[PDB]
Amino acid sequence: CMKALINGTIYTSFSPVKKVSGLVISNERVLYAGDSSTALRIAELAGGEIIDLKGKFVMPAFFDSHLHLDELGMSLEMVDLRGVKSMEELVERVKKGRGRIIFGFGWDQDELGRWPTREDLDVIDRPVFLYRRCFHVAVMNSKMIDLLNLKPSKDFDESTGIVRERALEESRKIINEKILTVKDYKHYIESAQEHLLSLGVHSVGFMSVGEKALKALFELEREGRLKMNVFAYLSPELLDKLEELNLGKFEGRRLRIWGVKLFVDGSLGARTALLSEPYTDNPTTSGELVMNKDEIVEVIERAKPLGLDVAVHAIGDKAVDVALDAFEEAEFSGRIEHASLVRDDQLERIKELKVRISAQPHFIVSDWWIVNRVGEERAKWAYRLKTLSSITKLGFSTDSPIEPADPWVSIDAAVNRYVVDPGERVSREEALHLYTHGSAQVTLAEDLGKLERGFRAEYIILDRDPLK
């Protein structure tokens, strides 16, 4: 299969901006980027298909360097219960869910008139599990309670089927690890993939791939059912099985076994991101250390002879220190997910160690409470897109389903919005670069993100100029 896209405007690169008028593709790689007429002549000689763009625009497809394909799929399938006015309507909306188990979200007891309970949902004859708006609480029916077998705690009200805090976290864990099957995960991943492709995203860094998600990805790959480039960053629990086969870094046609995903800290919203000084709006806490420097170095030393990348979630400024210390000691150039707060004094270390960073520009829009958490001075550390991209390799992501998956909505954020410093905005060209080649570089994918000769031909076709 050879195709020439002619008579249009093709961006091969956004850093620096380079436009051509013709593109020849064969065996899913770019063969030629240049003159429309030269491209036409090549395809005439070799007997390829001619695609006349008719003045349309082409660009490298988006590369989301950090998301959760399984969770995105679960989220697309969930029953939408936002704005439901009565228990009667809530029950009707839940009944209209397909799954052998019905998952849903977004109810509110104020909008309902009272709290939903186990007894209200016992009219539905399959397992039901329904988040509250906040996602900090869930209600379930008896069938679902029976499947979970949770131990008694102050976070679980068995009579009403309501879970909070810890017991909700444990409920999720049991659902994900015990109850959902490999087939369920294949379906989630396929729903996410369809959604992402329709948005122009052809490659993803898939973070926190657990046992069943991996089993689903190998199956989809050999079934020819993966339609996007999936760079899988596995949970560290999978290292035992990898070491027993000596299976490490491995590139299939779509699925890549690429890395390991770790977490130093939690999030600024929950006040669990690890700060060097206490929270401005809770001076009794500085967040939580989930994995320390020695524990990260231990995983890195296991990743090294398997040729695997290591991606480390660090949100708080002190978490960033822990991640930098770990990379320094292990002499390992890893990547950092989020890097939400970066101090001036940390910049030199990031530059010198060449740490790759995956950042989510839509966090700027969503996290309006940043100044409340950390104060005016530390808010200067937040989402420093322009600064980070000028000192190291940086890529754009959504952390979907946390943020919207639509890249144009995150591009708008990176270009137009800032926490406190308008100097941290990037230009439209830079944002497109970061969401294509930037992401590719951050995911160690050297033949993605551009449409020059030799690059994998992942492109999207647009009616309007993406630079306008």
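In this text, residue numbers run from 1 along the sequence as written.
Stretch with the higher entry mean CA B-factor, where the candidates are 401-409 and 38-46: Between 38-46 and 401-409, it is 401-409 that shows the higher mean C-alpha B-factor.
Of the residues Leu90, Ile300, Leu255, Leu275, the one carrying the largest Cα B-factor as recorded: Each of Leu90, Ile300, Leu255, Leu275 was compared by C-alpha B-factor; the highest is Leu255.
Peak C-alpha temperature factor (PDB record), options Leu306, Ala379, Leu226, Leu196: Spelled out: the listed residue with the top C-alpha B-factor is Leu226.
Third assignment of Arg417 from its chain's C-alpha B-factors: For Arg417, whose C-alpha B-factor we compare with every modelled residue in the chain, the answer is the lowest third.
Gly83 - Cα temperature factor, lowest/middle/highest third of chain: Tercile = highest for this residue's CA B-factor.
For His433, the third of its chain into which the C-alpha B factor falls: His433: CA B-factor falls in the lowest third of its chain.
Third of the chain's Cα B-factor distribution that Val20 belongs to, per the entry: Tercile = middle for this residue's CA B-factor.
Position of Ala457 among the chain's modelled residues by C-alpha B-factor, lowest, middle or highest third: For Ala457, the deposited C-alpha B-factor lands in the highest third.
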